[PDB]
Every structure is written in C-alpha cells, then in structure tokens.
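The data below hold one chain only, encoded as structure tokens and taken in the form solved without sulbactam.
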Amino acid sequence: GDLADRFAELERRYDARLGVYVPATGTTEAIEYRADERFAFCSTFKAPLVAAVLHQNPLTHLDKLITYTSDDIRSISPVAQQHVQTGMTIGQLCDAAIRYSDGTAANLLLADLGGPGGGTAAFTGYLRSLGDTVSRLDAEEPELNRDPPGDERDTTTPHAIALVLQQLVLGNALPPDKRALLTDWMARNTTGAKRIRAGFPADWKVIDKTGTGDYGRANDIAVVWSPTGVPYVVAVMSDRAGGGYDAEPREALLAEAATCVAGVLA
C-alpha cells in the first residue's frame, strides 16, 4: 500500500493541507508527508517554550511569583485570568501554558526568557540551539495564530518540530529532572483528547500539545508509548488556507491522520 495516498485522501475529504512527521526509531522508518512544508506553530510552540524556561533556570525558579494585571489578558487564558490578584509562579505558568494552552501564561514565559520582541527572539534562539534552522516565532499570543497563509512568521515544519520534541522528551536536551516535568505536563494535557489521542488505542500512552489558529489551523505534537513501552514522536499539522481566515479547524482530520500513523506503528 501507500500511506502517502491515504494522507492525500484525507486532504481531499477534509478540504485541508496535512503535514506529518514521525522520526525513524530503532525499529521503524520515518513517516513523512509534507514534512518540510511550513505550518503555523499556533500553541504547539508552548511545549518547547516551557523547555526553554526550564533549560535556562534552576528548578527553584519554578517558585518565582509573576504578577500581571487584567490588561495582560490579551489571549485565551483559562488559568491566568482567574489569578490576576495573586499572580502565578513560573511552574504554575508552565502547567497552564501546556495543559490549558493558556496564552497569557505563554506570553509571561516569553517575557521570562526576555530580550527584544518580548521573548520571541529568545524562543527562536532556543530552537536554533536544538538544531532547528527553519522554525521562527515572531509574534506573541494571540497574533501568532493569525498570520496569513503566505507568511513565514510564526511557522515551523512537521520535520522540525518533531525533531525538537524528540530531543526534549526522549533525548538529552534537558537533564532528567527537567525532562520529567515537561513530560508530565504534556502527559496531563487537557486539550488533546480529540486529536492524536483519539487515533491511538487506549493501551498506548499519549502526551501532547495542541495548536489551533486562523485558516483552519489544527495541530498536535505528541510522544506516544506502545503497550510495551516503545516511544514514538508524532507531529501532525493541518490548515485550510483556501477556506478563508474563518475556515473551521478539523480535529477529526488529526485523529484520522493519527489513526493512519497508529496502523503503521502498531
């Protein structure tokens, strides 16, 4: 058979562009479909963002209290907008950015990296340090979800982001104590039940970070563990550039793409 033909059928059925990368492992070949085409990060950047903050601080930094006002809520912020009076620690912000895709938490973590562009240059530099030469973050939340389809700003490729996640969760980009925190926050994500999780059998472990944006953007990046404990990185990205800025993002496309990948990996 030809898995690329099955991904192409998904693109025609969902009226969408799909990108997939599953890095090769000890026992599998890579799966790649439009893997070197650019797609908007949307909130998937929040996983490497938390890694960047972990990398450049001791773990005691997670208790640092960050204060902010109601005027700092500029993006969908399920946790941060309930804690304006008290503030949130860096660790609480990491948790919220990954598990609730909290936009204010991400903007505050970008500010914690510091430097010009409110942390977006610093974040991009962290990706360069992991060998990612193509990805770039240019805007904060929520504008990073809203670039037009032709813009390279705030884009990655499935290939690039998969190899970033591979280094972070399964490689040695972070020491074990920091790696375990990133892994746990992804493992307890609350936003991803209908995406890669929905394509893997219940006895597979899935950890993930979702992204959604304009032009029908829907992404999910995951690490999955077989029932025998064998890990795979799975990056799935999609958009609907011909469906207008308000094209509906399709979680079901990601779930079916994931089901096709599970068929290869099982």
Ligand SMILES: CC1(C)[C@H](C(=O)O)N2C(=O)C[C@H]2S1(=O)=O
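When you see a residue number, it is the position in the sequence shown, counting from 1.
The same protein also exists as the form deposited with sulbactam bound; that form is not shown, yet it is the one meant from here on.
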Quiz item: Of 235-243, 207-215, 49-57, 222-230, which is the one stretch near sulbactam in the deposited bound form, taking non-hydrogen atoms within 4.5 angstroms as near?
Solution: 207-215
Self-check item: Contact residue in the deposited bound form, chosen from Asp112, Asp132, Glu141, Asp154 - any heavy atom within 4.5 Å of sulbactam
Solution: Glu141
Exercise. Would you kindly say which of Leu163, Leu174, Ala121, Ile76 lies with a heavy atom within 4.5 Å of sulbactam in the deposited bound form?
Key: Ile76
Practice problem: May I ask you to state whether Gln167 is within 4.5 Å of sulbactam in the deposited bound form, using heavy atom distances? | Solution: no
Practice problem: Answer for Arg136 alone: is it within 4.5 Å of sulbactam in the deposited bound form, judged on heavy atom distances? | Solution: no
Quiz item: With a 4.5 Å heavy atom cut-off, would you call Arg179 a contact of sulbactam in the deposited bound form?
Solution: no
Exercise. State yes or no: in the deposited bound form, is some non-hydrogen atom of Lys194 no more than 4.5 angstroms from a non-hydrogen atom of sulbactam?
Key: no
